[PDB]
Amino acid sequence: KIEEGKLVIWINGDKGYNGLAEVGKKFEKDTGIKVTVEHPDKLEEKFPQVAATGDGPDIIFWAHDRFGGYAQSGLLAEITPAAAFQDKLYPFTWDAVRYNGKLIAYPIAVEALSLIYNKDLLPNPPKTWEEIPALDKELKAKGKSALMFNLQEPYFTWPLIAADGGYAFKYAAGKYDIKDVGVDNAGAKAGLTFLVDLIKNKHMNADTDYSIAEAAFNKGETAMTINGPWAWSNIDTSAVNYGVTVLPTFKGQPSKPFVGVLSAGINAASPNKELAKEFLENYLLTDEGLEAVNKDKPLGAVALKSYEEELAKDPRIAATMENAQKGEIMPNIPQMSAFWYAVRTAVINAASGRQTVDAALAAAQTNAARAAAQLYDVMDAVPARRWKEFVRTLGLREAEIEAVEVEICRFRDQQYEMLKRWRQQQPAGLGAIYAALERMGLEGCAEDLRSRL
């Protein structure tokens, strides 16, 4: 049970948690309610484990996509901000914290990919994707490349794919249509084809990952890269004088990067829901308080208009917000994991030639909502000899283990049926798989499996 009359806040260690504790002490001085800020490791996965038992912090700070898994299991309380208060934040940020028509969190920061260019190598960055092939040739003579970014994660490839009509799931009313996928339309085909053509014409390498791309730009080897505000810190310790601008257009249409919103949710089992609402709306989500945490460690672009026009004087933050408003809200539904699985396979296969563009996107279209691939990954991430112990630690009842064992003959088929029946009784996103592997003493399997999501 949670201590009543007290606020416990959980925020990641990479955020300004000292500045947040400053706003909590100011809240304690005016109300007499102690606000303790904690930054536990593996924070996004211990919260749903402790919140499932009715314990945990009163407020949780994390990206909005994970809050969909929390809300579908009922771990986050519905918030009721006044219509005048909702007007104080940018309108699209409220779309990222809405689940089943209910608002489940308060938006804090806004995050999106931007085009990062070397100002010394490139005083006038290209406005369109189509200028890049020609400039790369004029630049490859001098030993450098025009553009280098992570081609291994579809998150970095999506802005081009979505520019001319691509999308994950269509959002209408207050729901995502899982049977309306937009990775196989003409817009996605053209975007992925342009990317593959860049590789076939040897303007990019299909094997370029995140570490290769960041090192090449920070050492002046390439003129441009595609990255978010999280990478700004490494570029300043580097000797490169860089700028951050809008992403290039494709067929006259803007690039559409996925938008992530740092959000603050309230524990559904917290007896201090009203005190938490008072702290977030009146003390944190103001120009001061948001500045208090920003001076500890920057937030980048924020959802508060008044303080963002403040932060937007930084042209890099202004480009982050501009690319965000041209982009798409990252959906918070569980099918987004299968979407990433399907799209990552498609981009990698199309970039390597294993699949044609339309065959890769046709497969990703069908696989976009199929979750089987993630369950089969779990089966090969756990030693076969420890499977029943792993299934037991996950919480699958013994009566269910025995029911699968007596009717299913082969070993692999038993494993999948157990995981399938466990998934139908406990929905994903609560970190139960990783939590189960750590208690089994298999922290290497958990760590290695956790890094691949």
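Heads up: residue numbers just count along the shown sequence, starting at 1.
query = Comparing 305 to 313 with 184 to 192, which has the greater mean CA B-factor as deposited?
reply = Comparing 305 to 313 with 184 to 192, the higher average CA B-factor belongs to 305 to 313.
query = Comparing 407 to 415 with 54 to 62, which stretch shows the greater average C-alpha B-factor in the deposited entry?
reply = Between 54 to 62 and 407 to 415, it is 54 to 62 that shows the higher mean C-alpha B-factor.
message = For the CA B factor values reported in this entry, which option in 166, 254, 123, 260 has the top one?
response = Going by the entry's C-alpha B-factors, 123 comes out highest.
Identity of residue with top Cα B-factor, from 179, 142, 98, 344 = Of the candidates given, the C-alpha B-factor peaks at 142.
query = residue 175: which third of its chain by C-alpha temperature factor?
reply = Middle third, going by the recorded CA B-factors of the chain.
ask   = Considering only modelled residues of the same chain, in which third does the CA B-factor of residue 331 rank: lowest, middle or highest?
value = Lowest third, going by the recorded CA B-factors of the chain.
request  = Using the B-factor values recorded in the entry, state whether the Cα atom of residue 365 falls in the lowest, middle or highest third among the modelled residues of its chain.
outcome  = It belongs to the lowest third of the chain when residues are ordered by C-alpha B-factor.
Third of chain Cα B-factors occupied by residue 354 = For residue 354, the deposited C-alpha B-factor lands in the lowest third.
query = If you rank every modelled residue in this chain by C-alpha B factor, which third holds residue 112: lowest, middle or highest?
reply = Middle third by C-alpha B-factor.
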